[PDB]
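So this block is final-v9.cif, mmCIF, N, CA, C and O atoms:
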data_input
loop_
_atom_site.label_atom_id
_atom_site.label_comp_id
_atom_site.auth_asym_id
_atom_site.auth_seq_id
_atom_site.Cartn_x
_atom_site.Cartn_y
_atom_site.Cartn_z
N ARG A 123 143.46 80.26 91.19
CA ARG A 123 142.91 78.96 91.53
C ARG A 123 141.77 78.56 90.62
O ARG A 123 141.13 79.39 89.96
N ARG A 124 141.52 77.25 90.57
CA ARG A 124 140.37 76.73 89.84
C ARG A 124 139.20 76.66 90.82
O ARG A 124 138.98 75.64 91.48
N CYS A 125 138.43 77.74 90.89
CA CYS A 125 137.32 77.83 91.82
C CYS A 125 136.06 77.25 91.18
O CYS A 125 135.94 77.18 89.95
N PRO A 126 135.07 76.83 92.00
CA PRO A 126 133.97 76.04 91.46
C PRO A 126 133.03 76.89 90.63
O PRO A 126 133.12 78.12 90.58
N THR A 127 132.07 76.20 90.00
CA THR A 127 131.07 76.83 89.16
C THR A 127 129.70 76.78 89.83
O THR A 127 129.58 76.39 90.99
N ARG A 128 128.69 77.18 89.08
CA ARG A 128 127.33 77.04 89.54
C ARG A 128 126.99 75.56 89.71
O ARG A 128 127.53 74.71 89.00
N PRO A 129 126.11 75.21 90.67
CA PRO A 129 125.69 73.81 90.80
C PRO A 129 125.01 73.29 89.54
O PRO A 129 124.65 74.07 88.65
N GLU A 130 124.79 71.98 89.48
CA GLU A 130 124.18 71.38 88.30
C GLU A 130 122.79 71.95 88.06
O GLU A 130 122.31 72.00 86.92
N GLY A 131 122.10 72.33 89.14
CA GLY A 131 120.71 72.76 89.06
C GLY A 131 119.78 71.55 89.10
O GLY A 131 119.98 70.57 88.38
N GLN A 132 118.75 71.64 89.95
CA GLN A 132 117.80 70.56 90.08
C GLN A 132 117.01 70.41 88.77
O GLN A 132 116.52 71.39 88.20
N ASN A 133 116.89 69.16 88.31
CA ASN A 133 116.06 68.84 87.16
C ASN A 133 114.62 68.64 87.64
O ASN A 133 114.26 67.62 88.22
N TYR A 134 113.78 69.65 87.40
CA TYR A 134 112.42 69.68 87.91
C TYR A 134 111.47 69.17 86.84
O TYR A 134 111.57 69.57 85.68
N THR A 135 110.54 68.30 87.25
CA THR A 135 109.60 67.70 86.32
C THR A 135 108.21 68.26 86.58
O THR A 135 107.61 67.99 87.63
N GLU A 136 107.69 69.02 85.62
CA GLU A 136 106.34 69.57 85.75
C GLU A 136 105.31 68.45 85.62
O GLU A 136 105.54 67.44 84.94
N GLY A 137 104.17 68.65 86.26
CA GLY A 137 103.10 67.68 86.19
C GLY A 137 101.91 68.11 87.02
O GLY A 137 101.92 69.16 87.64
N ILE A 138 100.88 67.26 87.02
CA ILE A 138 99.67 67.49 87.78
C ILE A 138 99.63 66.50 88.94
O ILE A 138 100.16 65.40 88.83
N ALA A 139 99.03 66.90 90.07
CA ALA A 139 98.97 66.02 91.22
C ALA A 139 97.60 66.05 91.87
O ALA A 139 96.90 67.07 91.87
N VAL A 140 97.23 64.91 92.46
CA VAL A 140 96.07 64.80 93.32
C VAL A 140 96.54 64.20 94.64
O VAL A 140 97.16 63.14 94.65
N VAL A 141 96.24 64.89 95.74
CA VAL A 141 96.71 64.48 97.05
C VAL A 141 95.55 63.90 97.82
O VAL A 141 94.55 64.59 98.05
N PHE A 142 95.72 62.64 98.26
CA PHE A 142 94.72 61.90 99.00
C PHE A 142 95.17 61.72 100.44
O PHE A 142 96.32 61.39 100.69
N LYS A 143 94.24 61.93 101.37
CA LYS A 143 94.47 61.68 102.79
C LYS A 143 93.57 60.55 103.25
O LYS A 143 92.64 60.15 102.57
N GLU A 144 93.87 60.03 104.44
CA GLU A 144 93.06 58.98 105.04
C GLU A 144 91.63 59.48 105.28
O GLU A 144 91.42 60.61 105.70
N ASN A 145 90.65 58.63 104.98
CA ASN A 145 89.26 58.99 105.13
C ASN A 145 88.79 58.61 106.52
O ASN A 145 88.80 57.44 106.89
N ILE A 146 88.40 59.62 107.30
CA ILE A 146 87.85 59.36 108.62
C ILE A 146 86.36 59.68 108.69
O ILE A 146 85.69 59.27 109.63
N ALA A 147 85.84 60.42 107.72
CA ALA A 147 84.42 60.75 107.70
C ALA A 147 83.59 59.50 107.44
O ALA A 147 83.87 58.76 106.50
N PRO A 148 82.57 59.23 108.26
CA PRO A 148 81.79 58.02 108.09
C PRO A 148 80.99 58.04 106.79
O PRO A 148 80.58 59.11 106.30
N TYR A 149 80.75 56.84 106.27
CA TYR A 149 79.82 56.68 105.16
C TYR A 149 78.39 56.93 105.63
O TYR A 149 77.92 56.27 106.55
N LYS A 150 77.72 57.87 104.98
CA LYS A 150 76.38 58.28 105.38
C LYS A 150 75.38 57.88 104.31
O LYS A 150 75.67 57.96 103.12
N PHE A 151 74.19 57.47 104.75
CA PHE A 151 73.13 57.16 103.81
C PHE A 151 71.79 57.36 104.47
O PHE A 151 71.67 57.36 105.68
N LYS A 152 70.76 57.53 103.64
CA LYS A 152 69.42 57.76 104.14
C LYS A 152 68.75 56.42 104.42
O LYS A 152 68.62 55.59 103.52
N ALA A 153 68.29 56.24 105.66
CA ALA A 153 67.54 55.08 106.06
C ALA A 153 66.17 55.53 106.53
O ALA A 153 65.90 56.72 106.67
N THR A 154 65.28 54.56 106.74
CA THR A 154 63.92 54.86 107.16
C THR A 154 63.50 53.88 108.23
O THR A 154 63.68 52.68 108.07
N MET A 155 62.92 54.40 109.32
CA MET A 155 62.60 53.60 110.49
C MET A 155 61.11 53.48 110.64
O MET A 155 60.43 54.49 110.73
N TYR A 156 60.61 52.24 110.63
CA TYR A 156 59.19 51.93 110.79
C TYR A 156 59.05 51.23 112.13
O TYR A 156 59.66 50.18 112.34
N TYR A 157 58.26 51.79 113.04
CA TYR A 157 58.06 51.13 114.31
C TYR A 157 56.73 51.56 114.91
O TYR A 157 55.96 52.27 114.28
N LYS A 158 56.44 51.06 116.10
CA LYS A 158 55.15 51.28 116.74
C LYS A 158 55.37 51.53 118.23
O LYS A 158 55.88 50.65 118.92
N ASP A 159 55.03 52.74 118.67
CA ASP A 159 55.07 53.05 120.08
C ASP A 159 53.85 52.45 120.76
O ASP A 159 52.72 52.87 120.49
N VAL A 160 54.07 51.47 121.62
CA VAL A 160 53.00 50.89 122.39
C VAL A 160 53.13 51.40 123.81
O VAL A 160 54.09 51.08 124.51
N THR A 161 52.15 52.19 124.24
CA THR A 161 52.14 52.73 125.58
C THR A 161 50.92 52.20 126.31
O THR A 161 49.81 52.53 125.93
N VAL A 162 51.15 51.40 127.35
CA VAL A 162 50.06 50.92 128.17
C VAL A 162 50.18 51.54 129.55
O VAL A 162 51.20 51.45 130.20
N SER A 163 49.11 52.19 129.99
CA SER A 163 49.11 52.94 131.23
C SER A 163 48.10 52.37 132.19
O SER A 163 46.95 52.14 131.82
N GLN A 164 48.54 52.11 133.42
CA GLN A 164 47.67 51.65 134.48
C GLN A 164 47.33 52.82 135.37
O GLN A 164 48.22 53.42 135.97
N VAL A 165 46.04 53.12 135.48
CA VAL A 165 45.55 54.27 136.23
C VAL A 165 44.69 53.79 137.37
O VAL A 165 43.85 52.90 137.20
N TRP A 166 44.93 54.34 138.56
CA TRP A 166 44.09 54.11 139.71
C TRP A 166 43.19 55.32 139.91
O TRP A 166 43.65 56.39 140.30
N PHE A 167 41.88 55.13 139.67
CA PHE A 167 40.92 56.20 139.78
C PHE A 167 40.44 56.29 141.22
O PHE A 167 39.62 55.49 141.65
N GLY A 168 40.93 57.31 141.93
CA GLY A 168 40.52 57.56 143.29
C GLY A 168 39.15 58.23 143.33
O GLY A 168 38.49 58.43 142.31
N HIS A 169 38.75 58.60 144.55
CA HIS A 169 37.45 59.21 144.75
C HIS A 169 37.36 60.54 144.01
O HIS A 169 36.36 60.84 143.36
N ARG A 170 38.43 61.35 144.13
CA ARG A 170 38.43 62.69 143.55
C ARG A 170 39.45 62.82 142.41
O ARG A 170 39.32 63.70 141.57
N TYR A 171 40.43 61.92 142.36
CA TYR A 171 41.58 62.11 141.50
C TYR A 171 41.89 60.81 140.77
O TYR A 171 41.35 59.75 141.07
N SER A 172 42.78 60.93 139.78
CA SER A 172 43.31 59.81 139.03
C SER A 172 44.83 59.85 139.13
O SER A 172 45.43 60.91 139.06
N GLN B 173 58.82 41.51 147.45
CA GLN B 173 59.49 41.64 146.17
C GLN B 173 58.87 42.80 145.40
O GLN B 173 57.65 43.00 145.41
N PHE B 174 59.70 43.59 144.73
CA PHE B 174 59.18 44.62 143.85
C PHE B 174 58.60 44.00 142.60
O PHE B 174 59.22 43.14 141.99
N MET B 175 57.37 44.43 142.25
CA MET B 175 56.74 44.01 141.02
C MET B 175 56.62 45.15 140.03
O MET B 175 55.97 44.99 139.01
N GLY B 176 57.27 46.29 140.29
CA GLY B 176 57.32 47.39 139.35
C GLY B 176 57.52 48.72 140.06
O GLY B 176 56.98 48.97 141.15
N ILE B 177 58.34 49.58 139.48
CA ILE B 177 58.64 50.87 140.10
C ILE B 177 58.52 51.96 139.05
O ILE B 177 59.46 52.19 138.29
N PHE B 178 57.37 52.61 138.99
CA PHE B 178 57.16 53.69 138.04
C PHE B 178 57.78 54.96 138.60
O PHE B 178 57.29 55.51 139.59
N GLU B 179 58.86 55.40 137.95
CA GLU B 179 59.59 56.59 138.38
C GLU B 179 59.41 57.67 137.32
O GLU B 179 59.72 57.44 136.16
N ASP B 180 58.93 58.84 137.73
CA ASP B 180 58.58 59.90 136.81
C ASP B 180 59.05 61.25 137.35
O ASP B 180 59.27 61.39 138.56
N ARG B 181 59.17 62.22 136.44
CA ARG B 181 59.54 63.58 136.83
C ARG B 181 58.44 64.54 136.40
O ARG B 181 58.20 64.72 135.21
N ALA B 182 57.78 65.16 137.36
CA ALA B 182 56.69 66.10 137.13
C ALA B 182 57.20 67.53 137.31
O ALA B 182 58.13 67.77 138.09
N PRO B 183 56.64 68.51 136.59
CA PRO B 183 57.08 69.89 136.77
C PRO B 183 56.37 70.54 137.95
O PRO B 183 55.33 70.06 138.42
N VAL B 184 56.94 71.64 138.42
CA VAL B 184 56.38 72.41 139.52
C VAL B 184 55.58 73.56 138.94
O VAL B 184 56.12 74.36 138.19
N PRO B 185 54.27 73.66 139.23
CA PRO B 185 53.47 74.74 138.68
C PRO B 185 53.96 76.11 139.13
O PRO B 185 54.60 76.25 140.17
N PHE B 186 53.64 77.13 138.34
CA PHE B 186 54.11 78.47 138.64
C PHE B 186 53.61 78.94 140.00
O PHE B 186 54.37 79.52 140.77
N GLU B 187 52.33 78.74 140.29
CA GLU B 187 51.78 79.19 141.55
C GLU B 187 52.46 78.50 142.73
O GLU B 187 52.32 78.94 143.87
N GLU B 188 53.12 77.37 142.49
CA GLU B 188 53.90 76.68 143.52
C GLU B 188 55.36 77.13 143.52
O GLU B 188 56.02 76.97 144.52
N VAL B 189 55.85 77.70 142.43
CA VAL B 189 57.22 78.19 142.37
C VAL B 189 57.34 79.54 143.06
O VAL B 189 58.23 79.72 143.89
N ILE B 190 56.45 80.49 142.76
CA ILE B 190 56.62 81.85 143.25
C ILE B 190 56.03 81.97 144.65
O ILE B 190 56.63 82.59 145.53
N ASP B 191 54.86 81.38 144.87
CA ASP B 191 54.18 81.56 146.14
C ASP B 191 54.80 80.71 147.25
O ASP B 191 54.86 81.15 148.40
N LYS B 192 55.26 79.50 146.92
CA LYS B 192 55.70 78.55 147.93
C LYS B 192 57.22 78.50 148.06
O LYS B 192 57.76 78.73 149.14
N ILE B 193 57.93 78.19 146.98
CA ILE B 193 59.35 77.93 147.08
C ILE B 193 60.13 79.23 147.25
O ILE B 193 60.93 79.36 148.17
N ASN B 194 59.92 80.20 146.36
CA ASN B 194 60.68 81.43 146.42
C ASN B 194 60.26 82.28 147.62
O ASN B 194 61.08 83.02 148.16
N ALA B 195 59.00 82.18 148.05
CA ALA B 195 58.53 83.03 149.14
C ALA B 195 58.73 82.38 150.51
O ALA B 195 59.41 82.93 151.36
N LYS B 196 58.13 81.22 150.73
CA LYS B 196 58.12 80.59 152.05
C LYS B 196 59.22 79.56 152.22
O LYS B 196 59.45 79.10 153.34
N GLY B 197 59.89 79.16 151.14
CA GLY B 197 60.93 78.15 151.24
C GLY B 197 60.39 76.73 151.42
O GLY B 197 61.16 75.85 151.77
N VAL B 198 59.11 76.51 151.15
CA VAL B 198 58.54 75.18 151.26
C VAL B 198 58.00 74.75 149.91
O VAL B 198 57.89 75.55 149.00
N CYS B 199 57.64 73.48 149.80
CA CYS B 199 57.12 72.91 148.56
C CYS B 199 55.94 72.01 148.91
O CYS B 199 55.94 71.37 149.95
N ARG B 200 54.94 71.98 148.05
CA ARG B 200 53.79 71.12 148.29
C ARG B 200 54.20 69.65 148.21
O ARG B 200 55.14 69.28 147.52
N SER B 201 53.48 68.81 148.95
CA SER B 201 53.78 67.38 149.01
C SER B 201 52.96 66.57 148.00
O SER B 201 53.02 65.34 148.03
N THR B 202 52.19 67.24 147.14
CA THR B 202 51.43 66.54 146.12
C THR B 202 51.77 67.11 144.76
O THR B 202 51.92 68.33 144.60
N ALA B 203 51.89 66.23 143.77
CA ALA B 203 52.21 66.64 142.41
C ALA B 203 50.98 66.45 141.54
O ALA B 203 50.55 65.32 141.31
N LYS B 204 50.42 67.55 141.04
CA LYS B 204 49.32 67.51 140.10
C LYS B 204 49.83 67.99 138.75
O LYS B 204 50.12 69.17 138.57
N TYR B 205 49.96 67.07 137.80
CA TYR B 205 50.58 67.39 136.53
C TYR B 205 49.94 66.56 135.43
O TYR B 205 49.42 65.47 135.67
N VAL B 206 49.98 67.08 134.21
CA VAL B 206 49.41 66.39 133.06
C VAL B 206 50.49 65.51 132.43
O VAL B 206 51.60 65.97 132.13
N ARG B 207 50.17 64.22 132.30
CA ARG B 207 51.10 63.26 131.74
C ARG B 207 50.34 62.36 130.80
O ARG B 207 49.24 61.87 131.14
N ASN B 208 50.90 62.17 129.59
CA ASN B 208 50.26 61.36 128.57
C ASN B 208 48.82 61.78 128.39
O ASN B 208 47.91 60.96 128.27
N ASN B 209 48.62 63.11 128.28
CA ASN B 209 47.33 63.69 127.99
C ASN B 209 46.31 63.27 129.04
O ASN B 209 45.15 62.99 128.75
N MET B 210 46.73 63.27 130.31
CA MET B 210 45.83 63.08 131.43
C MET B 210 46.44 63.76 132.65
O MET B 210 47.66 63.69 132.88
N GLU B 211 45.59 64.44 133.43
CA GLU B 211 46.03 65.16 134.61
C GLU B 211 46.00 64.19 135.79
O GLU B 211 44.94 63.84 136.30
N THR B 212 47.19 63.77 136.21
CA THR B 212 47.35 62.86 137.33
C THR B 212 47.82 63.60 138.57
O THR B 212 48.59 64.56 138.49
N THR B 213 47.37 63.11 139.73
CA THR B 213 47.76 63.66 141.02
C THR B 213 48.40 62.56 141.84
O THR B 213 47.85 61.47 141.94
N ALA B 214 49.57 62.85 142.40
CA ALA B 214 50.30 61.93 143.25
C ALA B 214 50.43 62.54 144.63
O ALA B 214 50.92 63.67 144.76
N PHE B 215 49.99 61.80 145.66
CA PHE B 215 50.06 62.27 147.03
C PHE B 215 51.21 61.57 147.74
O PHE B 215 51.29 60.34 147.70
N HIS B 216 52.08 62.35 148.38
CA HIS B 216 53.22 61.77 149.07
C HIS B 216 52.73 60.92 150.25
O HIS B 216 51.82 61.31 150.97
N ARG B 217 53.35 59.74 150.40
CA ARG B 217 53.04 58.79 151.45
C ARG B 217 51.58 58.37 151.45
O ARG B 217 51.10 57.86 152.46
N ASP B 218 50.86 58.59 150.35
CA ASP B 218 49.44 58.31 150.26
C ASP B 218 48.65 59.03 151.36
O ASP B 218 47.62 58.55 151.83
N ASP B 219 49.13 60.22 151.73
CA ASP B 219 48.51 61.00 152.78
C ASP B 219 47.96 62.30 152.21
O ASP B 219 47.97 62.53 151.00
N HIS B 220 47.49 63.17 153.11
CA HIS B 220 46.94 64.45 152.70
C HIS B 220 48.03 65.40 152.22
O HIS B 220 49.21 65.20 152.48
N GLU B 221 47.60 66.46 151.52
CA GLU B 221 48.52 67.47 151.04
C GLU B 221 49.15 68.21 152.22
O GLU B 221 48.47 68.55 153.19
N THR B 222 50.45 68.48 152.12
CA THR B 222 51.20 69.12 153.18
C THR B 222 52.31 69.97 152.57
O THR B 222 52.73 69.73 151.43
#
Same coordinates, now as structure tokens:
Amino acid sequence: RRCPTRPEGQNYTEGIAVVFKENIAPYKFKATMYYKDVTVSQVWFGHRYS
Amino acid sequence: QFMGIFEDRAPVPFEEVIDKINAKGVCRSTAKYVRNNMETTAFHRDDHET
């Protein structure tokens, strides 16, 4: 019989790759906060205590 | 009408933890604690210590 031969063989192309995934990490940056804590306290001064 | 409700959390002094709560099962009715760099005393029901 005429039996088959080896397959054609995959034609493989060498190369370099970079694989990118979806970015879920937040964009981070250094900020600076200027503010003023205003604390006003009302005290009742008793005879012995406050 | 309410014109203000100052709600605060004061700690329990050690002499009140070991002598009163763990031993006798009772707690003092007055809170003497340092807050905003001042030692304030709060009496329950505006009455004497109990």
| query | What do you get, as an MDAnalysis selection string, if you spell out every residue that the PyMOL selection byres ((chain A) within 8 of (chain B)) selects here? | reply | chainID A and resid 166 170:172
| field | segment 181-192 of chain B environment, 10 Å, only C-alpha atoms, sequence neighbours closer than 5 positions dropped, as a PyMOL selection string | value | chain B and resi 197-200+203-207+212+214
| Backbone DSSP call of alpha helix (DSSP H) for chain B, listed as a list in words | residues 186, 187, 188, 194, 195 and 196 of chain B
| atom C of residue 194 of chain B and atom O of residue 178 of chain B are how many Å apart? |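 We find that atom C of residue 194 of chain B and atom O of residue 178 of chain B lie 28.1 Å from each other.
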| request: Quick one: apply the PyMOL selection byres ((chain B and resi 222) around 7) to the file and drop the selected residues here as a list in words. | output: residues 199, 200, 201, 202, 219, 220 and 221 of chain B
